[PDB]
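A single chain comes next, written as structure tokens; it is the form deposited in one PDB entry.
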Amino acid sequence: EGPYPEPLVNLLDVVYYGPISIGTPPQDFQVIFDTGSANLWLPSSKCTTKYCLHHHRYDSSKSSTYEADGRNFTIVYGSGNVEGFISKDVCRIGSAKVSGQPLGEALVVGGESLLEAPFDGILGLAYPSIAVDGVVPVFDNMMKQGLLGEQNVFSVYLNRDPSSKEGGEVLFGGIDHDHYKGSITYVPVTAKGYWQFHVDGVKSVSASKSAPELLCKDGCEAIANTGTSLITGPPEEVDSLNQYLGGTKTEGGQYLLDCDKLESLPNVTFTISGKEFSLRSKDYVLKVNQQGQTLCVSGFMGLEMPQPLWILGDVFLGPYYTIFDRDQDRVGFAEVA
């Protein structure tokens, strides 16, 4: 039947995760719901590294619904990598029971983002074209099993106030109007891999400068990625934007801003399906306590690997409730409520 509400925890506005179980009887885990990848994996009971011993581990020998596979599992993300092998078992999200779901049993994990994470693993929600190793993603198996009825969508709410008791929600098979106001604006998916679409323009108009900041002038492409904290952009353009905002590069990738002069910072605006989606400085300034006192980080950043996408992470997906629609292959945005 469904829909199935999945409740999320928010850690410091930079990672969101929530509960699932695997096997019979249920073995419990915490995972990040990542629209930027399409594989499920968890730490194996066969692993006895520090990393594995500090996390929840999957023990196939204790599950009566386990089925062996053993094909190799290897994936590389931006901030990490994992290696192990495939197994199949029941995967539960709220009251949904996904039978025969393949997962990676992790033996080797690299990357501080993963090693230090508060979550045990990643549950990818991207299209099946970008799954590695021949295994079908969780949502695809939910669709094959008819678990979403006739509404094969999921909708993501992220709370941008970390002191709240409710971190967020993934709603599998539904859209919840109590998380948004006005109406949803849809944009078609341009390449079915990431949740990727066309953006018309990106701009910012400061009062204290003579010229506006005009980026993505002839249009560009973006993705909605729940698996990352910030907004990433093409390096030349995102650097120009951070400069226009008065930031200073310091040091490894992130720009810093003056924590007094925030009132005057202009809005940053993404135009999508001809509608303006504006971020205020309250939305895009991240507050951090690293090295004693308190800093104001720009939520816009460039990677050292050249790449052309605007990657809309948690900074964007908090103020805009997002609908990921597999029936119609479209993304919907609406002002958060």
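Between two forms, the rigid core is the largest collection of C-alphas that superpose within 1.5 Å. Numbers follow the displayed sequence, beginning with 1.
The form deposited in another entry is left out here; the points below concern that form.
**Q** For the set 95, 243, 79, 164, which residue undergoes a C-alpha shift of 2 Å or more between the shown form and the other one, given alignment on the rigid core?
**A** Just 79.
**Q** Tell me, please, whether between the shown form and the other one the C-alpha of residue 113 is shifted by 2 Å or more, with the rigid core used for superposition.
**A** Yes, the C-alpha moves 2 Å or more.
**Q** 2 Å or more on the CA of residue 285 between the shown form and the other one, with the rigid core superposed, yes or no?
**A** No, the C-alpha moves less than 2 Å.
**Q** Would residue 331 count as moving between the shown form and the other one, using a Cα shift of 2 angstroms or more after superposing the core as the test?
**A** False for residue 331: its C-alpha shift is below 2 Å.
**Q** Just to spell it out: taking the C-alpha atom of residue 305 and the C-alpha atom of residue 309, is that distance smaller or larger in that other deposited form than in the structure shown here, given it changes by 3 Å or more?
**A** Relative to this form, closer in that other deposited form.
**Q** Are residue 104 and residue 9 closer or farther apart at the Cα level in that other deposited form than shown, by 3 Å or more?
**A** Residues separate in that other deposited form, at least 3 Å farther apart.
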